[PDB]
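>
Number of protein chains: 4
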Amino acid sequence: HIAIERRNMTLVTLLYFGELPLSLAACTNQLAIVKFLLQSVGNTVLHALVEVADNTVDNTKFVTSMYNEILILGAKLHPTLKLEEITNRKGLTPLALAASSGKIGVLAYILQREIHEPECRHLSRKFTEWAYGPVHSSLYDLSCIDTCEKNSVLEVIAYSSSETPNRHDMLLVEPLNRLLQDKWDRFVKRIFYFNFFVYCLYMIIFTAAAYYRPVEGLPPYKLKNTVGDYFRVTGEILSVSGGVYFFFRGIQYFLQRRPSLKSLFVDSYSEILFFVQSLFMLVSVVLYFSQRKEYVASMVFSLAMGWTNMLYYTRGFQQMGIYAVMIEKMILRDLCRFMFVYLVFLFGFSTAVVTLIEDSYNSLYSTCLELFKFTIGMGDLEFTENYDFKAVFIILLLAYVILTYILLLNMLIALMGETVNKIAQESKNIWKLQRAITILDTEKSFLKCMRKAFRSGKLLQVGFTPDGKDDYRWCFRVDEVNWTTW
Amino acid sequence: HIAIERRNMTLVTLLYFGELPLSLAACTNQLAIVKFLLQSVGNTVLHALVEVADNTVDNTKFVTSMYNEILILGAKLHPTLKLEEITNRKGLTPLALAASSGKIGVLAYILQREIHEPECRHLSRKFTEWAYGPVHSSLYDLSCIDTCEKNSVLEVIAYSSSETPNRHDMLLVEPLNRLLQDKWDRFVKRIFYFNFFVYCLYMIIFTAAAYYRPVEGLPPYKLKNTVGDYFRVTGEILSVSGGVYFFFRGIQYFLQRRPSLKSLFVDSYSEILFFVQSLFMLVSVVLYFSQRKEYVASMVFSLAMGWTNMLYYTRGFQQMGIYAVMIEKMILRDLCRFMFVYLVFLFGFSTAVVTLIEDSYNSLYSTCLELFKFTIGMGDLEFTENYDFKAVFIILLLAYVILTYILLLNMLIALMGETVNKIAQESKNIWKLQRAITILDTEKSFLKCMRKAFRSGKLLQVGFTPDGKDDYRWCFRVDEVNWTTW
Amino acid sequence: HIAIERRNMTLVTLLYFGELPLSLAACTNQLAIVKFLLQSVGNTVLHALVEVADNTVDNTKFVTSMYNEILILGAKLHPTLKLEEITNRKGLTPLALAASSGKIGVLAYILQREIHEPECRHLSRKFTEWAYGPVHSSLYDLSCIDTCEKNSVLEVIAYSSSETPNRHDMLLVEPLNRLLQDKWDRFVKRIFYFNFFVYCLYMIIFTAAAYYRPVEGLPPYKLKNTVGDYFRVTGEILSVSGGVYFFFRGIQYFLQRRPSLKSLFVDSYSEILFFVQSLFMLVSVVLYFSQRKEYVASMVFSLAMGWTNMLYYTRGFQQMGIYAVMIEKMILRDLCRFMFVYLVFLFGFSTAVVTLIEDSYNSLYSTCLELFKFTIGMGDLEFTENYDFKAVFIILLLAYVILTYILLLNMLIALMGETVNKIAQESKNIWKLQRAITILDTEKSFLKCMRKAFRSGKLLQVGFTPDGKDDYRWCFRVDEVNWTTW
Amino acid sequence: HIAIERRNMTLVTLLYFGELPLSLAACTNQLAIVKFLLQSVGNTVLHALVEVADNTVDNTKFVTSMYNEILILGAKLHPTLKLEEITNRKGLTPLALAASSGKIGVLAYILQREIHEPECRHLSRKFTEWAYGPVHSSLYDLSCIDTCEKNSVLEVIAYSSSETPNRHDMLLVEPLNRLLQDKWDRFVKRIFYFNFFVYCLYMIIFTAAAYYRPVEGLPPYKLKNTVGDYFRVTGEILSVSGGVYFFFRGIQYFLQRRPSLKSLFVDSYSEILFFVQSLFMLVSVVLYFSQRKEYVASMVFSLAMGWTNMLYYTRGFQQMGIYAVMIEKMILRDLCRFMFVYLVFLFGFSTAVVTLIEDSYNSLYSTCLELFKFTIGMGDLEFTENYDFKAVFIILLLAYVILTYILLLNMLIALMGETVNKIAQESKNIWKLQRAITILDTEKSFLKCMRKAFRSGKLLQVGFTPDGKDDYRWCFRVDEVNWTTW
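Chains as they are written, first to last, in PDB author numbering: chain B, 206 to 220, 246 to 269, 282 to 601, 626 to 752; chain C, 206 to 220, 246 to 269, 282 to 601, 626 to 752; chain D, 206 to 220, 246 to 269, 282 to 601, 626 to 752; chain A, 206 to 220, 246 to 269, 282 to 601, 626 to 752.
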């Protein structure tokens, strides 16, 4: 390993990048050294090379060349023995490890690799079926990447908590995009539209049952034999059954995803929404059967939540999905830090004025609301009059008006603009990540109808393997037109 | 065709880009191959080449060189036989087909082509009359492009529904701009100004007749012999005659244009406006003669519409036309998707509060209006008081205020800014497209006074044709000054 | 001239750019041709060359080289005879003609020209006194440019109505900037500060006289012997004397400048302000002596105007001058075209609603004001109630609120942003143009104290002239440090 | 010196950049000249070279090469004699002089210099301990820079009043950043968090004591034996003890910093805040013991101030620190110049209207407040009615509404946007300067616990000095990974 450090083949022949000398010499980007040498962590040489990638053009070029040479050398050294199917200490394949790690160009290479050498056609991935003019008919296998039961690269990129840096920019490569469109427009689009109208009609039934709730007495109420009463009972039953579903789907989401506490609100914002919505529905029905008139309070929240929580489904549509992602970003970053700062100002001035006034229009609850109104421009500057020192009170409002209305809110608006301006293309692009998420969750819940489906499908035989036995895998055909190539 | 695919002249001599082998070999950009070979879809070789253009610099260079060689070869092969006058399956000329297709540079080439070879001066388009110093006096024919009765390239670019990608950037070439200015300042400017004052005085008469409408009784009313009554009767007659015109011009627009349902609101926004305006006028006069007092309601809409619909005419003036195009864009994109989303929020919270309150200030109509007022800052936070659970109601307003006022509207404003910032130059440029549209509609309605006019005019003889017979066409003289050329 | 057109020296030797063949050959940038040839419009060869400049790098290089060769050739051909002192048909010197025309680089060259050839040191402009290390002590004459009684280049650039394209970017060259700073900080700064406190105390006296105006009776009022009455009489006299001054300075400005009607509001915005201010003061004192109580109305306008018209003086200070130039730009461009468009909307909807309502809270004056309030957010949506068709009225407000408040004003705000964003550096730079304007007006009004002053001064003898007689002109010494030059 | 000016070694051998000829010849960037020559102001050759730097790439390259040659020549000429330890007339070291002056690249060079020549390893600064692969373990001494009792470079960069141009960009170099992180996360983070909760609980106790202040009688009040009275007395004592501290820490800040009057509000904004806060607390307790009921007025200000003054502590946290720096910038630049301009408008129109009205709702205090309300949109357009000339009054409001609401404020908002847009990265970067400031003040107040600590520490022996005696200094170890270097 020490000789590998100095790139010395002499002492090597005499005899953090792992410990095996070949691993360090490969990590030191000395292909001749490992070629001469060959001829705990749990990471193989491929996994080590995946970890070594720095997503820069020179590092990616070196890593891809090293991996191509390693693939050729591995096929020569052992044709029957698996090379890519090996799993690291995490259990991930090296492709999966690179996908998790943040190797955009490396993953693009693995997806799009083709072998000029025919004997290197054993491990090649990209294939070309024909080329009439400038239009070539290409073929990508992508057999394991879509639907391997252990792990799938699509899954790994999907369940990425933004810690992977270019985790969004990964799937921009042609097979992932193309396959994503295929799955969507094949069946995921239609079932998501069915999802949309089921939930929309759910929210309408929940709204009608809520609006025409019965009031007389304290709950529960006797179910009188009447057409209206029968309708309201049936509507309540359908509503609470929907509620317990959006509990169960949500809780299995948390269980199967196992999200961290910090990643919770910064990735699964829609999920927490549809969890809290069902949670309020459950608390409402509990209080409805616990002999309390407060149930409707809980009920109201879920109802309000639910319609505002409908906006996820516009995350479906493209032109609306960007627009949804804006609201996600602002409720996560800006209107939390800003809302704390405005709480600092609000609390400071409200305690100031309440200490200034002596007598009960002055209470800190009422005074904060009264000072809150100024920000929306509905504040009445006249306020109260029982207080002494009119100048010392008025300077406090004028300070609060200059500060929190003009200085602070406007500044916040500028900060938001700084958000929309950077994310106009960015969130545009992000939309297709949530597109992919929904596409995967479709296979998720519909396990029975997705494995049989074989949405990727198109099993085309790879041919003669390095072992030399005829074998078949799954493929998918593309068209690439390049007049510049001729 | 197979030999054309492999760029093989050997098997060709032995014997999607169409089916004829010359067509594919030209499409494969092998000029030597088609030169050796020569010496359903309905598209000719020129139409196929127009379809093959990809509006990139290399593709345009290859296509223009191929078309120049094809023009020389066609003139040599058959001088008398037409080459450009041929029509495709759509009936369009190859220039018209390229104009519809989205070939900016190709159309620029066809407009500005000149032939260094004198024997290629048969098909040349651009001509130079003289050059004193660096100032050359140029000549473009453009004989058919302006006013061919079958199709005109100006017409084709004009009646483009944004599906053609650079459909706006087409006419930026010098002859189209120059000719456009000519037609405008020659007579279209003056007749459009007459249009402006006719419609302005129409709206004033319609407004005066509306303001001083009679009220006593139910309509119609007896025409008493009185100076005021006579004025009001005459004003109503002039108004409804204008109304039926703006119906008839509009309906012939829809008939001659034959717009698609999706292109309807995204291209002809001004037209639908002046159609709905006349439509409300017609419904108003119908109810006026149908013994109903509701006529004025319909009448009012058209009146309001009409003055707001006057803004089209500022689409005439340059500095105002950009400003009009902004309002078009926002009522088409942003304040529709935003208005749906705010409807989601409005409806969710209004049903929430109406379910929370029990008793009739609470009705969903009144509650939506009451919650609507908060967005404009005129909302009264005190709202009602009959409702129980003051905290559970107040948290709902505070949620609605934070969400729809500060979070949502501001975000929408940022989105609009994202619109004005990108379109400051873009819509500036778009103004001259609506300039061209109005210029063409002038020839449209005024068929009798436009064909006689010959606004392009300036018939200059092309000279000796490839057939060898002296012929004359229409031209237009320019001045181009290039000190860099000397 | 024809031979000059073809750059042919053969036919020239045998024998729009003017008519003399040397003029065209120079304009055709053939220096060898005019060298061989030499050895109505009123424009000389230098004036023709100034007109020929296109402010591009190649054109400026060619024009400057041609002018240098022409200067050398003119000095050789006639040393005693003037070359630059000649005047065109306008009477301008070629430097003045280039300054008016829009020749930034040419003017920079004329200011900064130095001659490597010693015999070309006759006409050279820039001089170097010494150079210790990398710090050279330079000398620019600029003798006529500052204070020639006929015309001055500083004056010509100053009295430029933005039609000259780079009229602002002209004086950015080192001698004009440096001299401008000199004049300012020498005496113009102090006298402008005196100007500031004179006008400030004028506005305070005018405000105090206004606030404590007498009311009893109809004007004029008897001057009772009392300390208050004596103060108010004296204050009124001082006020109206200031008023008649700001009339007289203003009217001599219009007379000496002779501005065009279109250039009036787009250049001299501050002047029209200080003219209208004095005009209202005069109308007020006229009505005060015409036995009318309406005088105070006129008086009030001037008072309001005057304090708002004080903002010019912050055009003095740098950090405030940019800020003033913003308000100029917006009241000239955006809040005029926008205010017309909002008048279209306001008038349309106000006539709509007034036609809808029948009975007098409804009058078009009151209804426009009532609809005007919505834009500022002070509008009361409840409006009136006497009107029938509540839905048809409410849809009209909701349309007006969506349109003029959210859609229109916000869009206007975005347009303004588009203004401040482009002019943040631009108006920053413009500030020094108004700096120069004020500096020149100081010499203007103070004719007696400016000609004696010789603010440029520093008369340094040029030396041996091309005539060969010792002569002296005015100069100004600079320091230029260039470590890159050594 | 004259020979040094002309870069002449001949007259030098025969015999503003200082006066010694070697100093000028070095300043003229003639290294060969000073090499041949060697072999009041108080500035040495190193100090002169530091002053000569212009922070441009060529000037920095020349200055660094000259300083390296000067260091080698000084070590050869006198190994025992100090070279860098010399002090200028200000007493600063040349490194400190360059730090104060604005030499970013020069300071980066001095921090990161290493010597390829082993005999130049005497004066070298950067060291490398090892390199396994592409990962080298580096070592920077930085022994004096952190904690020399006379001056420290960290201190000099910290106490910089923005007059030094790149004073922020200085410490971006790796050792200063790294050391800064070390000191923070070692102990400054924890003690600053303790600072945060001490001050937070101080503000809460001050707020509770304020809210429940006693009212009966005139202060002071008898301390009755009661649990509430005992709590309030103890709370007041703790509050005023905190007040006198935030006086004493503040006044020793002003004393030790000795800030200039102009630098006062533009650098130490947080300090003046925490000084005024304690100042109001002191005035309040004075009036409380001076038998006056006005004490609470003073008290209220400090309380309001204090909570709003809490925002400094979010200058601690990163994502909040940028957000704090925005409010600093706007209260320093924009909402001062804007607030003066709006005072011009407010005062002009308020005096206008008060002169227009005759009778006491009209007073200039009440009228300015009434006109002030329009800006926040709470203004009531109806105003009063006692005044005559309704049209002449209404045109004045409409002028004020168009001007100060729409035209002026919006323009101001655009100006603010111009602020947030430029400072989104800039203030982001500035946050680490206030990070450094707090880190240094920690060592400041805690003198006893910082000198013993040796936060930089890690004393590693430099080795053989140029004198040749084994010596030891302080160091700090780094890791730098460069796969591009191999």
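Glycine is no exception: its CB is placed at the ideal position from the N, C-alpha and C atoms.
For a test of your reading of the model: does the CB of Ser592 (chain D) fall under 7 Å from any non-hydrogen atom of the ligand ZN? Yes or no.
What this structure holds is no ligand at all, so the ligand ZN is not there to describe.
> Can you look up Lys368 (chain D) in the DSSP assignment and give me helix, strand or coil?
In the third sequence, residue 368 (chain D) corresponds to position 126, counting from 1. Strand at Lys368 (chain D).
> Take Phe580 (chain A) and list the residues in its own chain whose beta-carbon comes closer than 6 Å to its own, dropping the five residues that flank it on each side.
Taking the first residue of the fourth sequence as 1, we reach residue 580 (chain A) at position 338. If we look at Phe580 (chain A) and ignore the five residues flanking it on each side, its Cβ neighbours are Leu678.
> If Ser342 (chain B) sits next to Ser505 (chain B), beta carbons under 8 Å apart, how far is it from one beta carbon to the other, in whole angstroms?
Counting from one through the first sequence, the residue named residue 342 (chain B) turns up at place 100. Counting from one through the first sequence, the residue named residue 505 (chain B) turns up at place 263. So it is not a contact: roughly 14 Å between Cβ atoms.
> Taking the alpha-carbon positions, what's the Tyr565 (chain A) to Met568 (chain D) distance?
Walking along the fourth sequence from the start, residue 565 (chain A) turns up at place 323. Walking along the third sequence from the start, residue 568 (chain D) turns up at place 326. Rounded to whole angstroms, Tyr565 (chain A) to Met568 (chain D) spans 27 Å at the Cα level.
> How far does the alpha helix (DSSP H) with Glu397 (chain B) in it reach, from first residue to last?
Indexing the first sequence from 1 puts residue 397 (chain B) at position 155. Where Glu397 (chain B) is concerned, the enclosing alpha helix (DSSP H) stretches over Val395 to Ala400.
> Any C-beta of chain D sitting closer than 8 Å to the C-beta of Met581 (chain A)?
Locating residue 581 (chain A) in the fourth sequence gives position 339, counting from the first residue. Output row for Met581 (chain A): interface = no.
> Is any beta-carbon of chain A found at less than 8 Å from that of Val482 (chain D)?
The residue labelled residue 482 (chain D) in the question sits at position 240 within the third sequence. Chain A, which has no Cβ nearer than 8 Å to the Cβ of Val482 (chain D), makes this no.
> Skipping 5 residues on each side, what residues in its chain have a beta carbon closer than 8 Å to that of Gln727 (chain A)?
The residue labelled residue 727 (chain A) in the question sits at position 461 within the fourth sequence. The answer, listed in chain order, is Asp736, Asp737, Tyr738 and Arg739.
> Please classify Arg717 (chain B) as buried or exposed, where buried requires at least 16 neighbouring CB atoms within 10 angstroms.
Counting from 1 along the first sequence, the entry for residue 717 (chain B) is found at position 451. Label assigned to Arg717 (chain B): exposed.
> Find the residues of chain A that neighbour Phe655 (chain B), judging by a C-beta separation of less than 7 Å, and give them in chain order.
Translated into positions along the first sequence, residue 655 (chain B) becomes position 389. What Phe655 (chain B) touches in chain A: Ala539.
> Listing by chain order, which chain A residues have their CB less than 7 Å from the CB of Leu681 (chain B)?
As a working mapping, residue 681 (chain B) is identified with position 415 in the first sequence. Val686, listed in chain order.
> Taking contact to mean 3 or more Cβ pairs, one atom from each stretch, closer than 8 Å, check whether the stretch 397–413 of chain C and the stretch 432–448 of chain C are in contact.
No, they do not touch.
> Among all the DSSP beta bridges, which residues are the ones paired with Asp745 (chain A)?
Residue 745 (chain A) sits at position 479 when you count from the first residue of the fourth sequence. In the DSSP output, where bridge partners are listed per residue, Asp745 (chain A) has A:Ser379.
> Hey, is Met677 (chain A)'s beta-carbon within less than 8 Å of any beta-carbon in chain D?
Position 411 of the fourth sequence, counting from 1, holds the residue named residue 677 (chain A). So, interface residue.
> Can you list the residues of chain A that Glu210 (chain B) reaches, using a CB-CB cut of under 9 Å?
Taking the first sequence and counting its residues from 1, the one referred to as residue 210 (chain B) is at position 5. Within chain A, the residues near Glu210 (chain B) are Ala373, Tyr374 and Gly375.
> Have a look at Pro407 (chain A) and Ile387 (chain A) and give me their C-alpha separation to the nearest angstrom.
One-based indexing of the fourth sequence puts residue 407 (chain A) at position 165. One-based indexing of the fourth sequence puts residue 387 (chain A) at position 145. Each residue's Cα considered, the two are about 21 Å apart.
> Take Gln354 (chain D) as the anchor and find which of D:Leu418, D:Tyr495 and D:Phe531 has the nearest alpha-carbon.
Within the third sequence, the letter at position 112 stands for residue 354 (chain D). Selected option, being the one with the closest Cα: D:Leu418.
> Excluding the five sequence neighbours on either side, which residues of its own chain have a C-beta within less than 7 Å of the C-beta of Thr731 (chain C), listed in chain order?
As a first step, residue 731 (chain C) is located in the second sequence; it is residue number 465 there, counting from the start. Once the five neighbours on either side are set aside, the close Cβ partners of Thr731 (chain C) are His364 and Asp737.
> Does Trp697 (chain C) have its Cβ less than 8 Å from a Cβ in chain D?
As a working mapping, residue 697 (chain C) is identified with position 431 in the second sequence. No, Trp697 (chain C) does not count as interfacial toward chain D.
> Compile a chain-ordered list of the residues in the stretch 660–676 of chain C whose CB is closer than 9 Å to at least one CB of chain B.
Within the stretch 660–676 of chain C, the residues whose Cβ lies closer than 9 Å to some Cβ of chain B are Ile660, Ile661, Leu662, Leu664, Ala665, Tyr666, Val667, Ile668, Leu669, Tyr671, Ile672, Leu673, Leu674 and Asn676, listed in chain order.
> Checking 8 Å against the spacing of the C-beta atoms, do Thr449 (chain B) and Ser722 (chain B) come in under that value?
For this step, residue 449 (chain B) is matched to residue 207 along the first sequence. For this step, residue 722 (chain B) is matched to residue 456 along the first sequence. No. Outside cutoff.
> Taking the DSSP output, what are the residues bridged to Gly734 (chain A)?
Locating residue 734 (chain A) in the fourth sequence gives position 468, where the first residue counts as 1. BP columns for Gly734 (chain A) are empty, so no partner.
> Listing by chain order, which chain A residues have their CB less than 9 Å from the CB of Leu553 (chain D)?
The count along the third sequence starts at 1 and reaches residue 553 (chain D) at position 311. Correct list: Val583, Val586 and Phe587.
> Can you give me the Cβ contacts of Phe507 (chain D) inside the same chain, cut-off strictly under 6 Å, excluding the 5 residues immediately before and after it?
As a working note, residue 507 (chain D) is residue 265 in the third sequence. There are no such residues.
> On the DSSP letters alone, give me the boundaries of the alpha helix (DSSP H) that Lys318 (chain A) sits inside.
Indexing the fourth sequence from 1 puts residue 318 (chain A) at position 76. Element bounds for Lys318 (chain A): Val299 to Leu319.
> Looking at the C-beta of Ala262 (chain B), does it have a partner C-beta in chain A at a distance below 8 Å?
Taking the first sequence and counting its residues from 1, one reaches residue 262 (chain B) at position 32. Not one chain A Cβ lies under 8 Å of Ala262 (chain B).
> Taking the DSSP output, what are the residues bridged to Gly729 (chain B)?
Mapped onto the first sequence, residue 729 (chain B) falls at position 463. Answer is B:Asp737, bridged to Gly729 (chain B).
> Please tell me whether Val305 (chain C) and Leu288 (chain C) are closer than 8 Å, where the distance is taken between their beta carbons.
Numbered from its first residue, the second sequence carries residue 305 (chain C) at position 63. Numbered from its first residue, the second sequence carries residue 288 (chain C) at position 46. Taking 8 Å as the Cβ cut-off, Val305 (chain C) and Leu288 (chain C) do not qualify as a contacting pair.
> Just confirm the distance between the C-beta atoms of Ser481 (chain C) and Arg743 (chain C), as a whole number of angstroms; I'd bet it's less than 8 Å.
For this step, residue 481 (chain C) is matched to residue 239 along the second sequence. For this step, residue 743 (chain C) is matched to residue 477 along the second sequence. That belief does not hold up - the Cβ atoms of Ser481 (chain C) and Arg743 (chain C) are roughly 47 Å apart, past 8 Å.
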